[PDB]
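All Cβ positions, even for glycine, are placed from backbone atoms using ideal geometry, and neighbour counts span all protein chains on display. What follows draws every value from the coordinates through simple rules; no lab data is involved.
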Amino acid sequence: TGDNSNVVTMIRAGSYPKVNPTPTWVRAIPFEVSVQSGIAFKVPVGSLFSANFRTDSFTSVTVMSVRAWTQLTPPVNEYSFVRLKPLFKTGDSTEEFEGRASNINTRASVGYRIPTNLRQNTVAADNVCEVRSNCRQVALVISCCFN
Amino acid sequence: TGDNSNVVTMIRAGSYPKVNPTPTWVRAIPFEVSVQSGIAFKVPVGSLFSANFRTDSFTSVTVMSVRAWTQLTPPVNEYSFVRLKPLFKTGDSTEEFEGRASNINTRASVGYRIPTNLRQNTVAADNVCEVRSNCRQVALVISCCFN
Amino acid sequence: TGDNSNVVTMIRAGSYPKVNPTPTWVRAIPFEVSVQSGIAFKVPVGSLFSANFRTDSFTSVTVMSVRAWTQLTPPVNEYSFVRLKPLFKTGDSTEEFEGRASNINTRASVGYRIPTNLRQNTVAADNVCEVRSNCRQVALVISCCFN
Amino acid sequence: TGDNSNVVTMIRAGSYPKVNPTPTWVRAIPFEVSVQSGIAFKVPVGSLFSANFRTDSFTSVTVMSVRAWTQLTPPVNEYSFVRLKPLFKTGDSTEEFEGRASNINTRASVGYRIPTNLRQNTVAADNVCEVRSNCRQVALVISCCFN
Amino acid sequence: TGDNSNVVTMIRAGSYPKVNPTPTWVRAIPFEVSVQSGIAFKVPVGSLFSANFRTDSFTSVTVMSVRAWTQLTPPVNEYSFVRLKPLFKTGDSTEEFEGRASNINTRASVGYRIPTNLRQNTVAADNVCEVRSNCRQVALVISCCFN
Amino acid sequence: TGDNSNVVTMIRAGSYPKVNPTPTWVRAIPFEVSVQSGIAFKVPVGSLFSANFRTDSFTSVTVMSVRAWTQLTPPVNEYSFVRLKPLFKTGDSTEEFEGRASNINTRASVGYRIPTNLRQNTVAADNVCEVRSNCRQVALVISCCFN
Amino acid sequence: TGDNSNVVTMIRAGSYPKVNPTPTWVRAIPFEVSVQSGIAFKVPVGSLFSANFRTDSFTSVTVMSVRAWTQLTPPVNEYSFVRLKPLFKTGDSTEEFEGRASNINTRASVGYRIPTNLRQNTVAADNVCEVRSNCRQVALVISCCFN
RNA sequence: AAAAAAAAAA
RNA sequence: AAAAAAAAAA
RNA sequence: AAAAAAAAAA
RNA sequence: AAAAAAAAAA
RNA sequence: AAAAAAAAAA
RNA sequence: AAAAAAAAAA
RNA sequence: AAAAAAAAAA
RNA sequence: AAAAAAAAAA
RNA sequence: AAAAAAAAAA
RNA sequence: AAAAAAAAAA
RNA sequence: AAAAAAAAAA
RNA sequence: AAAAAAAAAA
RNA sequence: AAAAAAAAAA
RNA sequence: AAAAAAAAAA
């Protein structure tokens, strides 16, 4: 009931309720991946299941959106860039969403949203997307629903 | 943005956001304890941290309310009863909140709410409350905030 | 139902209700302490648990406010004064709330309120506050919640 | 003053107030009595004064209402029943308020209210009412004012 | 009364008021801590009591919020980052609030607020939080109430 | 943000703010001075800087108002009286604000306000005012701004 | 013109104005007189002209009202009293306005107002009123217009 | 707030 | 009147 | 309620 | 009329 | 009151 | 929100 | 827009 | 603007 | 503010 | 007209 | 009409 | 709330 | 519907 | 919501 109350008070409990010891969880997971120049890196869904994110008890996840930022400085004379290519078990996309920095000292960023019709579960062996960048590390923040 | 959209679309990401790989979680945890006749059982807070509830990564928890139900049938000729005595590190209470069944085939239940001023963190070695019952098992559902 | 009724009437009782034989109690407890000149006296919480106040069955108490009055006359030529320094298990305060009389024949008084965030339980061995006065006895009235 | 305040604040206390170290207390007292078949049991008021209810410091009580429930199962083939006959020092009543269960596995219950004109004090040696039941134990919940 | 008045004017003083020579004080305290790479640094509450902040007369403090900024440049090729893990005497948290810079020449920052239920006093020997950063110095600004 | 919140939450800190480790402080300082019969006592500003008031870190103060009360009983047959003469570095005043008691057992009191045009800083060697009284001690409460 | 202005500004003065180096002054003059038991004391107007009141440059005064208070304690067992009999150069009054204390430790007081038709000037040799009291000193506060 | 004395004003 | 603790209610 | 000092905010 | 200083007031 | 120059501001 | 290209509609 | 300093005005 | 701490008020 | 996941409610 | 994809905008 | 005791009710 | 029985009423 | 935790937004 | 007991208040 909120408060103003300074002592323990009785709750008039009823019948035993429906319960669930292992619920779902909506999250924004931050992690980094190492990228090599001119080579696409396939980001594994397995990266989302870890004690470091309190998610090692889940075996599936529904990804809703993916955002990426360059995480280290770009090569001399260049502006940072990052590209994302969505991957799906039913058929990979060929879109190459790209963000470029406008100040050499700033991160490049881009993201993409997955439509409802493509929001099925993915497991550790599946891949989320392909990342390309002129920077050696890319930081991702993935919005998803663990279940 | 919701949908009607059937394909992946670009998100115009900005600067890197504030992140947290290990967030807090509000939960209703269900577990059972074995009770002996005429003896109070002290419920340990440690029972709330377990891979069975996806909470083994937490070391502290703020308890908000406790509800209890008898979980096995009572002795012959009796109606089930359950009593709860709140325990606190700064000083134990002597209240004995009690619920009794009105049908011998039904569970007895009772609960108590912890006021805001007493909502500090508790760790595995601390106890939540004392349970007394004429039934050999009591089912608890604890509402709490893992942090 | 109040009355106008002059005879016993039936109550159509239902199921057995939630009960508690040992409830909480909000009180204003009056007691006196002996004080020596130039020496602070630490007021023990144990003073609040006594058959003299019908509170010997409690082992914890949540203090909400403390008010103090000088209880004997001050030394010749002086006006009475009383100072209160709040004490807390998590860290003592250094505030010295003080009241002085404006008529030599009148009591000096002062009090302090404990904020919600500091209203945790205290037990017999804990201290409430430090009292200083030029009078040999101080009368305290403590508002608290026994639980 | 409630709060939002996170520190101790001064109270501008006035004159010494009217006090009372031993106040009255309005309560709902739960206790059980053993009953034999076909014999009325006179419930003593003395049962209300006990350290088990935090009321051993009182010597008088004003009873406002009495509710009773069967507390053990009835004899084979029967439905539980409980009857209450009000007793008063100025003259006993002959009313036999009765409740019967409609499911053999459920408690029978009934109660009666004492009108204002009959609410005088009672002491340990006085009796509250007579209880009759086909069950060996009856649970009573008495609403009263200890003074 | 404000003014327009150019000379001293009389105040019709009444009775001696309630006084307090040592009041509480709400403050925003700025200080820096040295951090080593890959090692968490526990920030002591003792850092808040110092003649440099006019707070050496206090022995307790209630912390309300903590904000941190990187104070020196990050290692070559990296963007600054700072993480804060709240610590509490009743149980430490495992949250790792983190801020990262989006321009290599800019400070990274993050903060956290302590809820009312966890705002108890802390003393010199207690710790406020754990700080982690890729920068050798972190600047903190702590909002608190000295008492 | 106030609350209802029971756990630590993230603050999205921005740029490093303007800070000040040694702020100003508005206060009401209570202290006593010894006075001899028929002799004026010059109250030094130095009395306001002391660890006893948490103000030993300040070297200047702007006085806003001065109130004085007799602090010991007057000579036999007399009513207490107190006079205040304002002093200023740019030129002393010759006003003698005076308060007299109307009951021999009560304190005499008077005060004066300093206008805005005369509110400049004063240091330890400066004097605030001259006090005269038939009582051996005078209690002053000075409202000022330490800076 | 008041201000907000921080520098000296020009005043466009006109013709030389009407001036007066020695103006009138409305005042409340406080002074004490010694009284003997059972003897009336005639208060001289000359008492109002003194360097102690900044009025030694005046030779006349128009008295508007006279208030008197006992200034020392009364004889043992008695309550203080003070009587005032108005005196006038055109004819003395026989009214004996009297005030008595209702607490032995408190001053007795009374006053009288002079009507417009009797407000002519008085000089040093004239008397204001006759004072009678059981106290050895009487304090007067006279409202007048020096001219 | 209203008045009177000294000062000030569009 | 508004709150909190105990009791009571259509 | 209005102000000032310290803190906080959409 | 509005202000400030001294005085006065229901 | 309206303007211009210097200063100041939510 | 308004437009244009591809798709869709009562 | 409001203020202050210098200038200007029916 | 709203709050809290210190100060101030008809 | 509106939504979804976990918690809470008259 | 309303939607979705690509483009455009104060 | 309003109340109290016994009975009755959508 | 409406009724009936016993009681009560301006 | 209102709240709190995680996520999302013009 | 209304009451009573304990506590609190402009």
(request) Note down the relative contact order for chain E as a percent, whole number, built from C-alpha pairs under 8 angstrom at least six residues apart. (result) 41 percent
(request) Give, as a single signed number, the net charge of other residues whose beta carbon lies under 15 Å from the beta carbon of residue D:113, with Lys and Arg counted +1 and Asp and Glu -1. (result) +2
(request) Determine how many Å³ per residue the convex hull of the Cα atoms of chain A encloses. (result) 191 Å³
(request) Evaluate E = 1/(1 + (r/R0)^6) for residue D:62 and residue D:95, where r is the Cβ-Cβ distance and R0 equals 25 Å; express this FRET efficiency to the nearest 0.05. (result) 0.80
(request) Enter the mean projected area of the convex hull around the alpha-carbon atoms of the stretch A:77-135, in nm², rounded to one decimal. (result) 5.0 nm²
(request) Using R₀ = 51 Å, calculate the FRET efficiency as 1/(1 + (r/R₀)^6) where r is the Cβ-Cβ separation of residue F:26 and residue A:26; round to 0.05. (result) 0.60
(message) Can you give me the orientation-averaged projected area of the convex hull built on the Cα atoms of the protein assembly as shown, in nm²?
(response) 64.2 nm²
(request) Answer with one residue from B:45, B:58, B:84: the one whose Cα lies farthest towards the positive end of the charge dipole of the stretch B:8-97, charges on Cβ with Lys, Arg +1 and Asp, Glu -1. (result) B:58
(message) Using the Cα centre of the protein assembly as shown as the reference point, and only Cβ charges (+1 on K/R, -1 on D/E), how large is the resulting charge dipole? Debye, rounded to the nearest 20.
(response) 780 debye
(request) Ignore the peptide's own chain and count Cβ atoms of other chains within 10 Å of each Cβ in D:24-33; give me the average, rounded. (result) 2
(request) Please work out the FRET efficiency for the pair residue D:119 and residue C:123, using the Cβ-Cβ distance as r and a Förster radius of 51 Å; give the result to the nearest 0.05. (result) 0.85
(request) Evaluate the charge dipole of chain C about its Cα centre and quote only its size in Debye, nearest 20, assuming +1 on the Cβ of each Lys and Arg and -1 on the Cβ of each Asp and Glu. (result) 220 debye
(message) 7 Å from Cα along Cα→Cβ at both residue A:4 and residue F:1: what's the point-to-point distance in nm?
(response) 2.4 nm
(request) In whole angstrom, note down how far apart the Cα centers of the stretch A:95-142 and the stretch F:1-71 are. (result) 56 Å
(request) Project the alpha carbons of the stretch C:14-84 onto their principal axes and report the range along each, largest first, in whole Å. (result) 70, 19, 18
